[PDB]
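First up is the structure itself, then whatever we jot down about it.
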Amino acid sequence: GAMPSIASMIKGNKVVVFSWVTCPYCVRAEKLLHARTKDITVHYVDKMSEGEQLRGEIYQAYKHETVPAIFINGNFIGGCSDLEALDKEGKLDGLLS
């Protein structure tokens with residue numbers, strides 16, 4: 001909307017992730033991301049006083065609030081399940097270039 005937030009962070013690395021330290025799905029992603037590349041950044045929005053704004057940027061655009069939220073060259077990936085669904089098909093290896 002009119003007030004800039006997380007949408008700028010997605011341009012500063014090839015892979016960008018938003019996790020919670022307490023979540024298991026966070027770890028399912030963080031494990032596989034370090035297995036497939038070295039070009040990943042992650043933010044822990046449970047450790048962040050503005051984390052409800054960073055969640056609001058995802059919910060106002062995509063009506064979802066479950067973690068991790070995952071991004072690759074500005075394209076959207078709904079979770080570790082949505083990431084692995086491209087790993088299982090050989091298509092994530094074509095995205096990560």
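Chain labels run A, B, ... following the order of the structure tokens; each chain numbers its residues from 1, and ligands are numbered from 1 in the order shown.
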I want to know what sits within 7 Å of region 6-10 of chain A, based on only C-alpha atoms, with residues of the same chain fewer than 3 positions away left out; could you give that as number ranges by chain?
A: 13, 16, 54, 71, 74
Residues from the last selection, N, CA, C and O atoms, saved as a PDB file, in the first residue's frame:
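Ended up saving to again_4.pdb:
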```
ATOM      1  N   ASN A  13      18.340 -10.073  -2.044  1.00  0.00           N
ATOM      2  CA  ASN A  13      18.894 -11.428  -2.155  1.00  0.00           C
ATOM      3  C   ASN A  13      18.097 -12.261  -3.172  1.00  0.00           C
ATOM      4  O   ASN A  13      16.944 -11.946  -3.488  1.00  0.00           O
ATOM      5  N   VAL A  16      14.695 -15.130  -0.224  1.00  0.00           N
ATOM      6  CA  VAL A  16      14.317 -14.392   0.999  1.00  0.00           C
ATOM      7  C   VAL A  16      13.194 -15.127   1.734  1.00  0.00           C
ATOM      8  O   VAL A  16      12.196 -15.498   1.114  1.00  0.00           O
ATOM      9  N   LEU A  54       4.921  -6.945   9.016  1.00  0.00           N
ATOM     10  CA  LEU A  54       5.528  -7.824   8.009  1.00  0.00           C
ATOM     11  C   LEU A  54       4.565  -8.976   7.647  1.00  0.00           C
ATOM     12  O   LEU A  54       4.425  -9.318   6.477  1.00  0.00           O
ATOM     13  N   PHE A  71      10.280 -16.540  -0.838  1.00  0.00           N
ATOM     14  CA  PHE A  71      10.334 -15.775  -2.083  1.00  0.00           C
ATOM     15  C   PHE A  71      11.627 -16.046  -2.860  1.00  0.00           C
ATOM     16  O   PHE A  71      12.701 -16.165  -2.263  1.00  0.00           O
ATOM     17  N   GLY A  74      11.641 -12.409  -6.374  1.00  0.00           N
ATOM     18  CA  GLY A  74      10.359 -11.692  -6.269  1.00  0.00           C
ATOM     19  C   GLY A  74       9.099 -12.529  -6.560  1.00  0.00           C
ATOM     20  O   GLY A  74       7.995 -11.987  -6.493  1.00  0.00           O
TER      21      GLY A  74
END
```
Produce a table with one row for each residue of region 19-43 of chain A that has an atom at most 9 Å from any atom of region 79-88 of chain A, each row naming the nearest atom pair and its distance in Å at one decimal; use only C-alpha atoms; arrange rows by chain and rising residue number; format as a Markdown table.
```
| residue | atom | partner | partner_atom | distance |
| --- | --- | --- | --- | --- |
| A:25 | CA | A:80 | CA | 6.5 |
| A:26 | CA | A:80 | CA | 7.7 |
| A:28 | CA | A:80 | CA | 6.4 |
| A:29 | CA | A:80 | CA | 5.1 |
| A:30 | CA | A:80 | CA | 8.9 |
| A:32 | CA | A:84 | CA | 8.6 |
```
Which of region 16-93 of chain A fall in strand (DSSP E), as a PyMOL selection string:
chain A and resi 16-19+40-44+69-72+75-77
Write out as number ranges by chain all residues of chain A that backbone DSSP assigns to alpha helix (DSSP H).
A: 24-36, 51-62, 80-87, 92-95
Leaving out residue 1 (chain A) and any residue of its chain fewer than 4 positions from it, which residues lie within 10 Å of it when counting only C-alpha atoms, given as a ChimeraX atom specification?
/A:5,57,60-61
Just C-alpha atoms for this one: save the residues we selected as a short mmCIF file (atom, residue, chain, number, x, y, z; two decimals), in the first residue's frame.
```cif
data_model
loop_
_atom_site.label_atom_id
_atom_site.label_comp_id
_atom_site.auth_asym_id
_atom_site.auth_seq_id
_atom_site.Cartn_x
_atom_site.Cartn_y
_atom_site.Cartn_z
CA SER A 5 7.72 -2.46 4.12
CA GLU A 57 2.19 -7.19 3.97
CA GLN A 60 -3.18 -7.89 2.45
CA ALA A 61 -1.56 -9.25 -0.79
#
```
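Ranking A:4, A:48, A:12, A:18 by their shortest atom-to-atom distance to residue 65 (chain A), with only C-alpha atoms included, puts A:18 first.
For the residues A:47, A:77, A:53, A:67, ranking by smallest atom-to-atom distance to residue 3 (chain A) using only C-alpha atoms places A:53 first.
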Point out the residue among A:2, A:21, A:96, A:63 with the least atom-to-atom distance to residue 40 (chain A), counting only C-alpha atoms.
A:96
Between A:93, A:44, A:36, A:50, which one has atoms that come closest to residue 68 (chain A), using only C-alpha atoms?
A:44
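In this comparison, which uses only C-alpha atoms, the residue of A:15, A:66, A:91, A:97 approaching residue 33 (chain A) most closely is A:15.
The residue that comes closest to residue 51 (chain A), out of A:95, A:19, A:75, A:11 and on the basis of only C-alpha atoms, is A:19.
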What does the distance between CA of residue 22 (chain A) and CA of residue 73 (chain A) come to in Å, to one decimal place?
26.6 Å
